[PDB]
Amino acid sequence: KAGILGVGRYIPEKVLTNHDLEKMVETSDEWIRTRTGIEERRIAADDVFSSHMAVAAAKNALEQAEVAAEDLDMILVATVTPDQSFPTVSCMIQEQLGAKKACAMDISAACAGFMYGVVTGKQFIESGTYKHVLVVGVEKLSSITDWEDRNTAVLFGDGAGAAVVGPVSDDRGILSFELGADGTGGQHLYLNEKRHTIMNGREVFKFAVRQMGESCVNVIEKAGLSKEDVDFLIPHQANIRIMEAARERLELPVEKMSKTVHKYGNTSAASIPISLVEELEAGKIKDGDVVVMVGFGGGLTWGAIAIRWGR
């Protein structure tokens, strides 16, 4: 069975508060908090790109996993904001990390990308093909944000999260997963010709609130478990109201769902690993815990994973 050996993240140091946003666009601290739950988000410096954030998250994950970069068989980077289209971020961090024998590809599934990546790594490991797969979710959404548009400029932050996937001692590891997509919703969330994110917020909300909880129930069902068997939920950190719908569907207490949207905003593919690190650093997730992760993203993509934590 494939499981998670270690996780790391990179959080940019610059804090962008709602009151910093109040200068830039016609918004209010009250409106942002009430509708999204965001209070702050982090913004990468002008010389810090997805590759810089990804190497930092990757180094921390490798250190936590006790895995050397030279031992990686595969590097997968989920991003829609690479430094450039080619060379990919995965190729760039393969060089900077010294991961010589590793293959490298970037994958694009928007905010569901980290889930697509972990599931992809799972397939390569359980077939016996590879042993160690590095999966990184990284976004510099600040580089594709119309900072004049109050409807989106208050939603997005920057960051990177990373996990080393590998074989774990059985009972542990990824128990089940679901990956999905619905190209019909492509009109509702797209990058326009100015490389600016355009979103139909109402439509994306309707879709997310009903799909997040359903993907969660599916992976619990596929794992042969019950809702009471879930020890922690790590949702994509886009909107506290969407996150709350998933918590209700799973009948989980407030303290069993990771909440970092208020401090980092929506970091797209980086969101789930960033939240994972937060809970692991607070000691709220322990070996043997059943953890459900779930995300939705642009293009209308989604994914969910049920994992029993530990090696």
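Just count from 1 along the sequence shown to find any residue number.
- Taking the mean of the C-alpha B-factors per stretch from the entry, tell me the winner out of 288-296 and 9-17. Taking the mean C-alpha B-factor of 288-296 and of 9-17, the larger value falls to 9-17.
- With reference to the PDB entry, specify whether the mean Cα temperature factor is higher for 202-210 or for 97-105. Per the PDB record, 202-210.
- In the PDB entry, which of 122, 132, 227, 140 has its C-alpha at the highest B-factor? Going by the entry's C-alpha B-factors, 227 comes out highest.
- Reading the B-factor column of the entry, which of 27, 60, 51, 260 has the highest value at its C-alpha atom? Across 27, 60, 51, 260, the entry lists the biggest C-alpha B-factor for 27.
- Hey, what third does residue 85 fall into on Cα B-factor, ranked over its chain? Residue 85: CA B-factor falls in the middle third of its chain.
- Message: What third of the chain does residue 45 rank in for C-alpha temperature factor, lowest, middle or highest?
- Response: As the PDB entry reports it, the C-alpha B-factor of residue 45 lands in the highest third of its chain.
- Can you work out whether the C-alpha temperature factor of residue 170 puts it in the lowest, middle or highest third of the chain? It belongs to the highest third of the chain when residues are ordered by C-alpha B-factor.
- Query: Mind checking which third residue 236 falls in for C-alpha B-factor across the chain?
  - Reply: For residue 236, the deposited C-alpha B-factor lands in the lowest third.
- Message: Splitting the chain's C-alpha B-factors into thirds, which one does residue 183 fall into?
- Response: Its C-alpha B-factor, which the entry lists for residue 183, ranks in the middle third among residues of this chain.
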